[PDB]
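Okay, so we've got a single protein chain in two different forms coming up as structure tokens, structure 1 first and structure 2 after it.
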Structure 1
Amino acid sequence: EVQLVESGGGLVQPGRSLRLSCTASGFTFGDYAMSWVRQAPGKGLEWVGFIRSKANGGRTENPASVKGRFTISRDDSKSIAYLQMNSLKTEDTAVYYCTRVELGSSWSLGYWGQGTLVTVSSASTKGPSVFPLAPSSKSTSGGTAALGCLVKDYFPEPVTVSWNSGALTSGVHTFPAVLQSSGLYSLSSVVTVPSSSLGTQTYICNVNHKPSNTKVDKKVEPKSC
């Protein structure tokens, strides 16, 4: 059964270099062309090159976006394909997939690895500040009220959020993080509850940012007048 495992990703500063490895098993690696495809966060798929088999010359092709910066090679004795990534820029941040190129006249990408994330950034590790998204005093008496937590200015990903240590899940919406222009991430987590519970029920968001060893329990209540 075909297996493709990518490795070598991670965080790297702009202008530095990285080499990705894709270890292949379950097929005759040397018989197949191999190809790398990347997917920037929230965007589509972009081909970044292929390498032919030894029987077909073993040479490569890549698009202009990475030409002169990325180089693909292969080690048939180890069944590994490589992606040498030089002169890295922030726009190169993406999940990188190695793919096996199908044989014959229709050379589609028949098998894909799980991919390895490459993050290009100069940001330093930083824990988030957790601010309350407090419900309003205009909340409909006998209706529904929204409240939440703003998890601001952290690096790197990820941040996990739960409510009341996992006891509260209904009405909870934890939004995908956004990358700010400062290079730091921010996200919010909100929940909708009956307005009548604002005076009796306690609502606490539990924020964990393991890269900075940050654990925060934040109680959110109606701002005092």
Structure 2
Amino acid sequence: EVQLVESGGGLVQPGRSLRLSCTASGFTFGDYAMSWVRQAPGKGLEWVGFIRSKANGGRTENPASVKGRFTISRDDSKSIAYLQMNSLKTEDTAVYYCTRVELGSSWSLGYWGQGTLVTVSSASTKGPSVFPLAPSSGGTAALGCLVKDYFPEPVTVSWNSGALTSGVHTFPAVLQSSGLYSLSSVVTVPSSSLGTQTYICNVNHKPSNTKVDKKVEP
């Protein structure tokens, strides 16, 4: 099974450098050209370079749009491909995929890793403020929690420590103009249950080592 495990991503300041690693396994790494492709949030795919096999000279090609800020290298003895990114800009925020270039006369991108998120921002690392969204229909009531002003992604939200999963919607985060993220998690329940049942949202933000439990009352 082809594996392309990207690592080295995460939060980086504007203007700084970051080196991504692609640890490959399950194939003869030295035989193949390798390529990096990125995807900014909500956007399409953009090629950001490839490197040829040693047998084919081992040299790279990069798109002019990156303005020579990126360098691709490879270590065949460790089966690792690298993407060195310099002078990073907020526009470089994206999921970065490592890919294997197929052999032969049609060199498509045959295999893709999961990708690693690179976030280029100067925002403060902080846990969210968690506020209840209080229920107040036609037999169905909605409640939730507002998970406001955290950075960076991700946060994880559960309800009643995972005992409540049916009807839950945790919305994709929105980047506020402040540079911090916000989202809401909601759940629909029978209106008849509001007077008696207990609903607690659990919010975990690992980058800030924060864990919050909030009881949501009518």
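Numbers follow structure 1, counted from its first residue as 1. Just so we're on the same page, rigid core means the largest C-alpha set that superposes within 1.5 Å between forms.
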{"item": "Size of the rotation between structure 1 and structure 2 [smaller rigid part against larger, C-alpha superposition, degrees]", "value": "17"}
{"item": "Per-residue CA shift, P128 (Å; core superposed between structure 1 and structure 2)", "value": "3.4"}
{"item": "Cα displacement of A177 between structure 1 and structure 2, core-superposed (Å)", "value": "1.6"}
{"item": "Distance the CA of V207 travels between structure 1 and structure 2 [rigid core superposed, Å]", "value": "4.6"}
